[PDB]
Amino acid sequence: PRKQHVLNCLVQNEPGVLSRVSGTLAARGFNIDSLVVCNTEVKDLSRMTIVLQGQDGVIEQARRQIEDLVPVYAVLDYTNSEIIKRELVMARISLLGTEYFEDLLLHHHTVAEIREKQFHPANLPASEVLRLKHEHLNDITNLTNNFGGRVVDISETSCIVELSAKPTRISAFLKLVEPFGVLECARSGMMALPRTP
Amino acid sequence: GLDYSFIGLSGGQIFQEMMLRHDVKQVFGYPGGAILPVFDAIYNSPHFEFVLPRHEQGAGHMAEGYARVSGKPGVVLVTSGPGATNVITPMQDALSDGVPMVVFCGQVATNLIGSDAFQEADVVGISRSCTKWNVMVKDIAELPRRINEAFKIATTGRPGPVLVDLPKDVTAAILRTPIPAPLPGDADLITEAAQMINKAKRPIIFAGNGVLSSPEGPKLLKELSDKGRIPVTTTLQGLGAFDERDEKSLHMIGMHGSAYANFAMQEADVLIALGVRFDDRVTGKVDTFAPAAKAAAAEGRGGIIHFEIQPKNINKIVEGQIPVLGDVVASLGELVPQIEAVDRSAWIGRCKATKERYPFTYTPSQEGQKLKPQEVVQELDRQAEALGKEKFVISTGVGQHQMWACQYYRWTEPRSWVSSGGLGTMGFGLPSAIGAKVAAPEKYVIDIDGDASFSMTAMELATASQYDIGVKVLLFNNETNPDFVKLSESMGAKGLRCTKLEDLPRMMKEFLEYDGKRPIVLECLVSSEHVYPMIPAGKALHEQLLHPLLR
Ligand SMILES: Cc1cc2nc3c(=O)[nH]c(=O)nc-3n(C[C@H](O)[C@H](O)[C@H](O)COP(=O)(O)OP(=O)(O)OC[C@H]3O[C@@H](n4cnc5c(N)ncnc54)[C@H](O)[C@@H]3O)c2cc1C
Ligand SMILES: CC(C)[C@H](N)C(=O)O
Ligand SMILES: Cc1nccc(N)n1
Ligand SMILES: [Mg+2]
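Per the PDB record, the structure was determined using X-ray crystallography to 3.3000 Å resolution.

Next comes the structure, spelled out in structure tokens:
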């Protein structure tokens, strides 16, 4: 039953242990779907969350192999337990709409019909471009507010939204804001902390 | 709160002090511009004997065999780039067979690291997978602690290799400032194991390399076998932990183990596994291994008792009903006082019966043709037993000859068995023997190598002659191959060739009688056969394949 698994590791904060831990999973032919690693309040210790797909049998012996590593102090397979799944995503979204957005898509591989589309900025006065950029901004803001997010940065052409929720909500929000034109995004990958519920 | 032991000392002076602090008396290595500040600080120091092999791979295998005889880490000192990458194979082998080993290798100056300079390689990254732990000393103030951690890691738990990457500018610097400064398993589980052992109807002891960790291991294994009247079998790396001339002793078990150990292990209702990872070449087919132990566990009357110090090797291949995490020699210390002697005549008789009904056998060279390989080993066993079995250390390559040495040579002495079993590196026999003869210069160090294995490291005979290291090479040849006599005498090994059973005792005696400070090769023209017993692919241990005259 190829299920998805989440490993939390307490690990030493020396160089190479990420390469050693990442490599230990690669030895077994494991693709790290997401990994998060940072310092603890203890400067010489780091906590990391590893997310991957595999059957529990192979994943358990992989987990027991990782924990054997010298810089590794503990690895917990939090998959079959009450954890709190969260993930932070940042996304820069264009306010110019799917008309103009194709120009950028075309020109980062490089147009006649697209620049003659009804709601392309070249065919519109400066205010309706201003009003539509703010209308698109208002839709993105209402959308990101509904998922529990925040509009962090705003510019003449785009805006940055910040959202932290379940990875399902994160994927849903990204797909839901896709038609505005995501210029670049950065999701943290799944992070987890066990719950007592 | 500051340590001044190293103030004013260069990197090499800090190094030799750190080597003395770890009772390091013998080192192996090869020079190079990236490690010269450390190389010149040890070669010229008289505290350490230095041995310069012809290849850095030999140095690693020489440190392996040195570490097997003298249960202490073998120190390796190679240069950066090509030198260090040559030790990758001996390093993975030490990790695969649990051999304590410490590799100090040079590196370009820290400002040139990453610039792909001359002889720069990601040694810390290449060794990372094949080493137990590694580090790159980035400042001279780190050097003493990183060395302490290197030896500590290499020798604790399951022993293994560590690599310390030493930049040239770090070890050539001077430290002008000070710096800041065997446990058993759970008592109740040990007790549970003893009570299970005492109530066992037919138990078996399964000894591995973990028993050889301390000299008190075999002493306590003999006590467990005597006080419990329990038969003993060993892995290929447990050879020597139990005296095989004991009538209680089943011999090696596994793919090519003894038919009686393969049979008795499958009938035993209790397994006493002592420092053994259950290799695929031990179990045959995992689900079919020890069915009587499996069934005795389902009824609560027995099962597998597992003593391991590494938590990843417990329940990793075989469900152990009573896991005893911790040192096995310390766990045994609290174990054998709880073992009550019980009548096990029938069980011993059953084993002893099969031991006499399915022995290692083979049709000898009927006419005057080439030697059967088993005949060469049997003649070595007879003459070594007469000369004094305790005076012998025996290493092997990797091949048929390796199994013949396990089958037809009787193993009595702890830490007298130096073979590559985990990684199976061919060419291991000759340098490991050179390393063995170094750790025990007074002992008969025999190398049982084959024509293909010997060919991978045979140039190290020049190292044996240069340092008066009298390794006695027993070469098995079958045939495309060179003249191994003229080959050996090219570099000082006064070798000779045998070719008949009627010729064998004289040649075997003259080869053992040769100068113990002078290498010699006994080439044997041998008719290579198959290895029996054998476990076919996907067959159980009791579906063994004895065949010559036992079908
Ligand atoms: C051609 C070939 C054929 C082979 N066929 C066979 C065969 O038929 N039968 C066979 O047995 N082997 C065979 N081998 C070797 C086999 O592959 C394994 O390497 C061998 O079984 C190792 O067994 P081991 O557990 O005793 O040694 P190791 O692999 O070294 O494991 C020893 C275990 O003891 C533990 N340990 C170490 N020190 C302590 C301590 N102080 N306290 C507690 N635990 C400790 C270690 O953690 C380790 O897990 C063969 C090898 C070759 C090259
Ligand atoms: C803890 C880990 C990420 C460490 N910082 C490394 O370099 O691998
Ligand atoms: C070293 C070595 N090479 C190839 C095969 C083998 N067994 N061992
Ligand atoms: Mg051969």
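(A) The arrangement of the domain arrangement of chain A in detail. Looking at the assigned domains, one finds that chain A contains domain 1 (3-81) and domain 2 (86-190). Computed over C-alpha atoms, the centres of domain 1 of chain A and domain 2 of chain A are 35 Å apart.

(B) How the structure looks around helix α4 (residues 126-146) of chain A. Residues and elements named next belong to chain A. Between its first and last C-alpha atoms α4 spans 30 Å; for 21 residues at 1.5 Å apiece the expected length is 30 Å, and the two agree. At its buried positions, α4 is contacted by β5 (83-94), α3 (97-107), β6 (150-154), β7 (158-165) and α5 (167-177). Where α4 ends, the next residue or the one after it, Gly148, has phi of about 90°, a positive value.

(C) A look at the packing of aromatic side chains. All names here are of chain B. Inspection of the entire model under this criterion finds 18 aromatic pairs over all chains. When the centroid spacing of 5.6 Å and the interplanar angle of 70° are considered together, the rings of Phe28 and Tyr66 count as edge-to-face. Within this pair, whereas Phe28 is found in strand β2 (residues 26-29), its partner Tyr66 is found in helix α3 (residues 56-69), the two being separated by 38 residues in sequence. Here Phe28 and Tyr66 have matching classes, each one buried. Ring centres 5.7 Å apart and planes at 80° place the aromatic pair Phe206 and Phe278 in the edge-to-face group. Pair noted here: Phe206 is in strand β9 (residues 203-207) and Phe278 is in the loop between β12 (270-274) and α12 (280-283), with a separation of 72 residues, a long-range link. The exposure class assigned to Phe278 is buried, which follows from its relative accessible area of 5%. Taken together, the aromatic side chains of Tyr260, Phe360, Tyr362, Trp404 and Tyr408 make up a single cluster linked through ring pairs.

(D) Summary view of the nonpolar core. Residue and element names in this part refer to chain B. One finds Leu271, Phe278, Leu380, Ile446, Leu474 and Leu522 to be the most contacted residues of the largest nonpolar core, which totals 59 residues. Both domains that furnish three or more residues to this core are identified here as domain 2 (187-357) and domain 3 (373-525). Here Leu474 is in contact with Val376, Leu380, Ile446, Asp447, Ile448, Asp449, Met508, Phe511, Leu522 and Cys524, once residues within four sequence places are set aside. Formed by 44 residues, the second largest nonpolar core is a distinct cluster that contains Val87, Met91, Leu163 and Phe454.

(E) The arrangement of the site of ligand 2 in detail. All names here are of chain A. Taken together, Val11, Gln12, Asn13, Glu14, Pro15, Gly16, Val17, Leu18, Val37 and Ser46 make up the full set of residues adjacent to ligand 2. At 3.4 Å, a backbone N or O of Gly16 approaches an oxygen atom of ligand 2. Contacts to ligand 2 include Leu18, whose backbone N or O atom sits 2.8 Å from an oxygen atom. Relative to its unbound accessible surface of 260 Å², ligand 2 loses 75% to contact with the protein. Of all the secondary structure elements, the ones that give two or more residues to the shell around ligand 2 are β1 (3-12) and α1 (17-27). Residue classes in the shell around ligand 2 are distributed as 5 nonpolar, 4 polar and 1 charged.

(F) The arrangement of the side chain of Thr425 of chain B in detail. One can find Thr425 of chain B in the loop between β16 (417-418) and α18 (429-439). Not counting residues up to four positions away in its chain, the partners in contact with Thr425 of chain B are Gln57, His61, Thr89, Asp93, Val398 and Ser420 of chain B.

(G) Main features of the interface of chain A and chain B. Contacts between the two partners involve 9 residues from chain A, matched on the other side by 13 residues from chain B. Elements that contribute at least two residues to the side of chain A that touches chain B include exactly α1 and α2 (56-68) of chain A. A breakdown of the residues in the side of chain A that touches chain B according to their chemical character gives 2 nonpolar, 3 polar and 4 charged.

(H) Examining empty space enclosed by the protein more closely. All names here are of chain B. In this structure, the second largest cavity occupies an estimated 40 Å³ of space. Lining the second largest cavity are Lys389, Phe392, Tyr409, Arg410, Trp411, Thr412, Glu413 and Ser416. Of the residues in the lining of the second largest cavity, the class split is 3 nonpolar, 2 polar and 3 charged.

(I) Main features of the site of ligand 3. Residues and elements named next belong to chain B. In the vicinity of ligand 3, the contacting residues are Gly424, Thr425 and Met426. At a separation of 2.8 Å, a nitrogen atom of ligand 3 approaches a polar backbone atom of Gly424. A total of 240 Å² of accessible area belongs to ligand 3 in isolation, and the protein chains cover 48% of it.

(J) Seen up close, the packing of helix α1 (residues 11-20) of chain B against helix α7 (residues 143-155) of chain B. All names here are of chain B. Packing of α1 against α7 leaves a shortest axis separation of 10 Å and a crossing angle of 35°. α1 and α7 meet at a crossing whose hand is right-handed. Across the interface between the two elements, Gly11, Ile14, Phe15, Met18 and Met19 from α1 touch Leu143, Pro144, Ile147, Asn148 and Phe151 from α7. Looking at the contact of α1 with α7 residue by residue, the class counts come to 8 nonpolar, 2 polar and no charged.

(K) View of the UniProt feature "domain: ACT" (unreviewed entry) in chain A. When the UniProt feature table is mapped onto this chain, "domain: ACT" (unreviewed entry) is found at residues 6-86 of chain A. Split by type, residues 6-86 of chain A is 30% helix and 43% strand. Its first and last C-alpha atoms lie 12 Å apart.

(L) How the structure looks around the pairing of strand β14 (residues 322-325) of chain B. Residue and element names in this part refer to chain B. A one-sided burial pattern is seen for β14, the buried positions being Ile322 and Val324 and the unburied ones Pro323 and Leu325. Alignment of strand β13 (residues 303-308) against β14, held across 4 bridges, turns out to be parallel. Along β14, the bridge assignment pairs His306 with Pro323.

(M) Looking closely at unusual backbone geometry. All names here are of chain B. In this structure, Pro533 follows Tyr532 across a cis peptide bond, with omega equal to 0°. The residue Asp23 is not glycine, and still its phi comes out positive at about 55°. Residue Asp23 is classed as partly exposed on the basis of its relative accessible area of 47%. Phi angles above zero are rare outside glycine, and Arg229 is one such case at about 55°. With respect to the secondary-structure elements, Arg229 resides in the loop between α10 (216-228) and β10 (232-234).

So, how was this worked out
- Residues numbered from 1 in each chain as written, not as in the entry; some residues may be left out.
- Chains lettered and ligands numbered in written order.
- Heavy atoms only, no water.
- Residues with missing side-chain atoms left out of burial classes, pairs and counts.
- Domains from an automatic or database assignment.
- Helix = DSSP H or I, 4+ residues; strand = E, 2+ residues; numbered from the N terminus.
- Expected span 1.5 Å × (residues − 1).
- Contact = heavy atoms within 4.5 Å.
- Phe/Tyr/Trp six-rings, centres within 6.5 Å; stacked < 30°, edge-to-face > 60°.
- Buried < 20%, exposed > 50% of the residue type's maximum accessible area, 1.4 Å probe, protein only.
- Core = buried A, V, L, I, M, F, W, Y, C linked by side-chain atoms within 4.5 Å.
- Near = heavy atom within 4 Å.
- Polar contact = N/O pair within 3.5 Å; in protein donor to acceptor, adjacent residues only side chain to side chain.
- Areas by Shrake-Rupley, 256 points an atom, 1.4 Å probe, with all protein chains shown as cover.
- Nonpolar A, V, L, I, M, F, W, Y, C, P; charged D, E, K, R; others polar.
- 1 Å grid on protein atoms, 1.4 Å probe; cavity = no way out; pocket = protein on both sides within 12 Å on 5 of 7 lines; lining within 4 Å.
- Points joined across faces, edges and corners; volume = space filled by probe spheres on them.
- Axes fitted to C-alpha atoms, helices over the stretch in contact; angles between N-to-C directions.
- Left-handed = near helix turned anticlockwise from the far one by under 90°.
- UniProt positions renumbered as here; feature names shortened; annotations may be inferred.
- Pairing = 2+ DSSP bridges.

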